[PDB]
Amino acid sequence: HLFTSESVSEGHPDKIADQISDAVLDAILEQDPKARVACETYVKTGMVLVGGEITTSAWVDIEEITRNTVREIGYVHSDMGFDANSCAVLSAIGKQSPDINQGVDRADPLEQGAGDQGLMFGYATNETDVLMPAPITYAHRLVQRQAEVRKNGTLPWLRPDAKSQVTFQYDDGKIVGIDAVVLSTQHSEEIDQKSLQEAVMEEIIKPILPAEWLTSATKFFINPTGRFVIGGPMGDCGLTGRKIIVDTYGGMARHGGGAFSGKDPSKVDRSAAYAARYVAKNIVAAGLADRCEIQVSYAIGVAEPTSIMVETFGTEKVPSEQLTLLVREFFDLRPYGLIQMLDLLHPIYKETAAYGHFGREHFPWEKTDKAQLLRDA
């Protein structure tokens, strides 16, 4: 069978919004680790609207945070369709509803109730070194490489907006090759399409995709519209939380529907999904399964989860029901437990808002620190 996963650069309008949302979250947490933040960002031709519900003792400069974020992304001139230095920054930030907060923050700190209801999924598969699905990891690297080539001036005619897509060929449940690649990138008007296609293939795609998976029958589509000068917020509206699949496992695993960026750890949409990646990775790391997918769910203002489910796809190396009640022993999945487990009350979330929340070494939910102590029990 064929399988396909996509990713987007830091300049894609939805990722701009995600990044602004987590930039504001970060600034707040630097001052107020216990702040309640639900930051939703809307980006369109000429304007950033930052809104949502925040309850904090912190004082942050929404305008300067936003301009700085768009500046680092690279939109700094009207020729690119968007300029960090001259766009509108609007705030529509209110307070968190008192009807919600009475369910989260309560008497005993360890009794903290879930921020909301909802379902979250985690996933891990041994087919890569970082225990991630291959299609989404190489999609991320393709767009991450585009931004690095753009920023270090190797291809100065590049623009921030870009998307990648890769369609892998599988057999025996293992990678055979790559049947199709797509790399669409915004560009200045100076460069013709033929020069751009060759530069993308040589400088973007070949350094990232192992040539074994590439054949003469491997199909390539580079700016297949034939022109990508208009881009960023000018050609497409950007919204926080509209890339939740490229944020996670590229469609290789199911999703509960919860967005990540702009949300402080009290939101189980984020903190549970990180903890679900945490256990599913460790479970694989201990060789107890080849592939593992966890589903947890919560009720509003209720500490204990309402559902836990371990799925091994017929690859378990110990009975599945032993695997389930071992998750329950070595991981605390109540809201207060998620935050303690992963050391989450820190400004570490802007770095997550582009190129995937999962599969990066240093994230606390990526550490394989309980791998050994899984076997022993």
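In this text, residue numbers run from 1 along the sequence as written.
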Quiz prompt | residue 105 unmodelled in at least a third of other compared entries | solution = yes
Quiz item: Are coordinates for residue 96 absent from at least a third of the other PDB entries that model its neighbours?
Solution: yes
Quiz item: For the stretches 275-283 and 227-235, which has the higher mean C-alpha B-factor as given in the deposited record?
Solution: 275-283
Self-check item: Higher-B stretch (mean Cα B-factor, as the entry records it), 334-342 or 49-57
Solution: 334-342
Quiz item: Out of 212, 161, 247, 83, which one has a C-alpha B factor higher than all the others in the entry?
Solution: 212
Quiz prompt | Top residue by Cα temperature factor, when 150, 270, 194, 242 are compared in the entry | solution = 194
Quiz prompt | Chain-relative CA temperature factor third for residue 311 | solution = highest
Self-check item: Chain third (lowest, middle, highest) by recorded CA B-factor, residue given as residue 369
Solution: highest
Self-check item: Lowest, middle or highest third - CA B-factor, residue 75
Solution: lowest
Exercise. Name the third of the chain's ranked CA B-factors that contains residue 117, choosing lowest, middle or highest.
Key: middle
Practice problem: Within this chain's modelled residues, let me know which third the CA B factor of residue 264 belongs to: lowest, middle or highest. | Solution: lowest
